[PDB]
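This document opens with one chain alone, in structure tokens, the form deposited in one PDB entry.
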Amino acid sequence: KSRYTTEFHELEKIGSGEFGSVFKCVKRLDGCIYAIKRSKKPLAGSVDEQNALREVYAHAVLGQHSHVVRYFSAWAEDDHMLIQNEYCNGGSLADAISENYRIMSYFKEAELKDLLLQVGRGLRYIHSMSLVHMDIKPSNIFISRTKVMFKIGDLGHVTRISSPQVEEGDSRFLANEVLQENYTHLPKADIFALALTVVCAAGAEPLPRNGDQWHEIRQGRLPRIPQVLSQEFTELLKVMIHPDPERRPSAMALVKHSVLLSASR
């Protein structure tokens, strides 16, 4: 007799976290298919509650954009918090990249430009709302197939653009200035992470979490990419990982970039 059990039928598990999981569900009254994340509810009044509530608010304010997974509802039950989103039938970008890796057939240049432009429009929107994402990576981006659409789905590190305290995102995608607790240019940390996300989609080996190879990238050196890309596209990716955040393009500049003009729909 919970809301989750009475209003939805679970179809298939489609994601899994430490404190719960995501199911593809059909909603009984409207007949439509949704993705629903169900997680342990944090303590009332706790810091974890504040964090969980911020993530709900980020879905509720960002999900109407075409390149953010759409939000429908969120609720609490006795021991759980639930978020109901659109179901993206193509799954995560990380799983698409994993399959591509296995078969040796990666995203081609035109498809990489589409990914970069589409997630770039998502970031231009997020930044225009005075927010930053803080955890761009393949496992946080979802695919809808019909032309392909990429959508930012996980919003659990979103915070305001001038936040003086930040929960760092995945260390594989994290820009050095954030690691050093410099938060003057937070939008450019999302640009850095998006470039490395595109490098992953271009066929690169798994990125380092730490160590010498991690530091090499933070000097502005792109990882090896196993396919020929144009020099100007490669140069765009490199300047998006520039050690000086101010040299990286804004998301607005990225979506207006001459290199991505061909990708525009």
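The first residue of the sequence shown is number 1, and the count goes up from there. In this text, the rigid core denotes the largest set of C-alpha atoms whose superposition between the two forms falls within 1.5 Å.
Below: the form deposited in another entry, not depicted.
Of the residues listed here (222, 204, 198, 62), only one shifts its CA by 2 angstroms or more between the shown form and the other one after fitting on the rigid core, and it is 62. Put the two forms on the same core and the Cα of residue 231 is off by less than 2 Å between the shown form and the other one. Superposition on the rigid core between the shown form and the other one places the CA atom of residue 105 2 Å or more away from its counterpart. Once both forms are overlaid on the rigid core, the distance between the two CA positions of residue 213 between the shown form and the other one is under 2 angstroms. Cα of residue 50 to Cα of residue 135: at least 3 Å shorter in the other entry than in the shown structure. Between this form and the other one, the CA-CA gap for residue 47 and residue 23 narrows by 3 Å or more, being smaller in the other entry.
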